[PDB]
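Q: Structure file upload03.pdb (PDB, C-alpha atoms) right here:
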```pdb
ATOM      1  CA  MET A  15    -111.368  67.073 108.905  1.00  0.00           C
ATOM      2  CA  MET A  16    -109.436  69.130 106.320  1.00  0.00           C
ATOM      3  CA  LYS A  17    -111.918  70.336 103.698  1.00  0.00           C
ATOM      4  CA  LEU A  18    -112.577  73.156 101.223  1.00  0.00           C
ATOM      5  CA  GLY A  19    -115.656  72.924  98.989  1.00  0.00           C
ATOM      6  CA  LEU A  20    -116.480  69.206  99.301  1.00  0.00           C
ATOM      7  CA  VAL A  21    -118.757  69.819 102.307  1.00  0.00           C
ATOM      8  CA  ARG A  22    -122.184  71.008 101.112  1.00  0.00           C
ATOM      9  CA  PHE A  23    -123.058  71.420  97.398  1.00  0.00           C
ATOM     10  CA  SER A  24    -119.951  73.516  96.658  1.00  0.00           C
ATOM     11  CA  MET A  25    -116.544  73.335  94.882  1.00  0.00           C
ATOM     12  CA  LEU A  26    -116.950  75.636  91.855  1.00  0.00           C
ATOM     13  CA  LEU A  27    -113.300  75.697  90.691  1.00  0.00           C
ATOM     14  CA  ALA A  28    -113.585  71.922  90.136  1.00  0.00           C
ATOM     15  CA  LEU A  29    -115.851  72.649  87.134  1.00  0.00           C
ATOM     16  CA  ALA A  30    -112.879  74.393  85.495  1.00  0.00           C
ATOM     17  CA  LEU A  31    -110.857  71.193  85.983  1.00  0.00           C
ATOM     18  CA  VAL A  32    -113.654  69.120  84.437  1.00  0.00           C
ATOM     19  CA  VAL A  33    -114.008  71.483  81.459  1.00  0.00           C
ATOM     20  CA  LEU A  34    -110.217  71.777  81.113  1.00  0.00           C
ATOM     21  CA  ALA A  35    -109.866  67.983  81.297  1.00  0.00           C
ATOM     22  CA  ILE A  36    -112.594  67.613  78.655  1.00  0.00           C
ATOM     23  CA  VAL A  37    -110.871  70.142  76.367  1.00  0.00           C
ATOM     24  CA  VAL A  38    -107.464  68.514  76.934  1.00  0.00           C
ATOM     25  CA  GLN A  39    -108.953  65.061  76.276  1.00  0.00           C
ATOM     26  CA  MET A  40    -110.531  66.404  73.071  1.00  0.00           C
ATOM     27  CA  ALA A  41    -107.236  67.944  71.919  1.00  0.00           C
ATOM     28  CA  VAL A  42    -105.247  64.824  72.875  1.00  0.00           C
ATOM     29  CA  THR A  43    -107.856  62.643  71.134  1.00  0.00           C
ATOM     30  CA  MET A  44    -107.639  64.818  68.007  1.00  0.00           C
ATOM     31  CA  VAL A  45    -103.817  64.761  68.031  1.00  0.00           C
ATOM     32  CA  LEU A  46    -103.701  61.007  68.722  1.00  0.00           C
ATOM     33  CA  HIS A  47    -105.453  60.079  65.459  1.00  0.00           C
ATOM     34  CA  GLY A  48    -105.714  56.391  66.403  1.00  0.00           C
ATOM     35  CA  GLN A  49    -108.738  54.702  64.822  1.00  0.00           C
ATOM     36  CA  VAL A  50    -109.930  51.981  67.226  1.00  0.00           C
ATOM     37  CA  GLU A  51    -113.251  52.609  69.017  1.00  0.00           C
ATOM     38  CA  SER A  52    -113.314  55.554  71.454  1.00  0.00           C
ATOM     39  CA  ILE A  53    -110.115  56.527  73.323  1.00  0.00           C
ATOM     40  CA  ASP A  54    -109.899  53.017  74.843  1.00  0.00           C
ATOM     41  CA  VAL A  55    -113.427  53.122  76.306  1.00  0.00           C
ATOM     42  CA  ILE A  56    -114.655  49.658  75.180  1.00  0.00           C
ATOM     43  CA  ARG A  57    -118.410  50.391  75.471  1.00  0.00           C
ATOM     44  CA  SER A  58    -120.066  53.370  77.226  1.00  0.00           C
ATOM     45  CA  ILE A  59    -121.107  51.434  80.357  1.00  0.00           C
ATOM     46  CA  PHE A  60    -117.445  50.396  80.725  1.00  0.00           C
ATOM     47  CA  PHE A  61    -116.622  54.056  81.451  1.00  0.00           C
ATOM     48  CA  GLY A  62    -118.324  53.461  84.812  1.00  0.00           C
ATOM     49  CA  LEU A  63    -115.334  51.342  85.858  1.00  0.00           C
ATOM     50  CA  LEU A  64    -113.110  54.316  84.970  1.00  0.00           C
ATOM     51  CA  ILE A  65    -115.044  56.233  87.649  1.00  0.00           C
ATOM     52  CA  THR A  66    -113.014  54.295  90.256  1.00  0.00           C
ATOM     53  CA  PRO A  67    -109.539  55.746  89.397  1.00  0.00           C
ATOM     54  CA  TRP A  68    -111.165  58.978  88.177  1.00  0.00           C
ATOM     55  CA  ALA A  69    -113.081  59.415  91.447  1.00  0.00           C
ATOM     56  CA  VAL A  70    -109.928  58.613  93.442  1.00  0.00           C
ATOM     57  CA  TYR A  71    -107.633  60.979  91.507  1.00  0.00           C
ATOM     58  CA  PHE A  72    -110.405  63.590  91.321  1.00  0.00           C
ATOM     59  CA  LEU A  73    -111.221  63.353  95.049  1.00  0.00           C
ATOM     60  CA  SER A  74    -107.509  63.858  95.769  1.00  0.00           C
ATOM     61  CA  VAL A  75    -107.466  66.912  93.476  1.00  0.00           C
ATOM     62  CA  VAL A  76    -110.655  68.223  95.124  1.00  0.00           C
ATOM     63  CA  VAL A  77    -108.998  67.636  98.523  1.00  0.00           C
ATOM     64  CA  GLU A  78    -106.009  69.734  97.401  1.00  0.00           C
ATOM     65  CA  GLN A  79    -108.130  72.253  95.428  1.00  0.00           C
ATOM     66  CA  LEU A  80    -107.880  75.424  97.559  1.00  0.00           C
ATOM     67  CA  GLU A  81    -111.573  76.272  97.017  1.00  0.00           C
ATOM     68  CA  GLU A  82    -113.747  78.287  99.446  1.00  0.00           C
ATOM     69  CA  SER A  83    -111.451  77.559 102.418  1.00  0.00           C
ATOM     70  CA  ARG A  84    -107.672  77.313 101.950  1.00  0.00           C
ATOM     71  CA  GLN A  85    -106.574  73.751 102.803  1.00  0.00           C
ATOM     72  CA  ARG A  86    -104.345  71.892 100.277  1.00  0.00           C
ATOM     73  CA  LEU A  87    -103.784  68.472 101.899  1.00  0.00           C
ATOM     74  CA  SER A  88    -102.431  66.178  99.155  1.00  0.00           C
ATOM     75  CA  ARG A  89     -98.991  64.740  98.352  1.00  0.00           C
TER
END
```
Show me, as structure tokens, the structure contained in the file I just sent.

A:
Amino acid sequence: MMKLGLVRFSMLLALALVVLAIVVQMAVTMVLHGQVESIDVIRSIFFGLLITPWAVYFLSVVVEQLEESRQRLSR
């Protein structure tokens, strides 16, 4: 029931989280000068598996993200 933007092609604020996350990841990656392969990615396709935890954590964030209609239902 509880929703905000995740209803019909919405949720703009989320983009800021994506961009921010990307920037943060870039900074962290730069700071953590650890030569291995690619921030523990082990092949591009492998990233797909990361979509599981990412989607879960992200969905939760999106669920809490007070976008369009104030909701905030995460703990």

Q: At what distance in Å, to one decimal, does CA of residue 20 in chain A lie from CA of residue 80 in chain A?

A: 10.8 Å

Q: Name the closest residue to residue 71 in chain A among the candidates A:17, A:88, A:23, A:83; distances are taken between atoms, counting only C-alpha atoms.

A: A:88

Q: One decimal, in Å: what's the spacing between CA of residue 81 in chain A and CA of residue 22 in chain A?

A: 12.5 Å

Q: Separation of CA of residue 26 in chain A and CA of residue 82 in chain A, in Å?

A: 8.7 Å

Q: Is it possible to get the axis-aligned box enclosing range 28-36 of chain A (all listed atoms, 8 Å extra per side) as JSON, with centre and edge lengths in Å rounded to one decimal?

A:
```
{"center_x": -112.9, "center_y": 71.0, "center_z": 84.4, "size_x": 22.0, "size_y": 22.8, "size_z": 27.5}
```
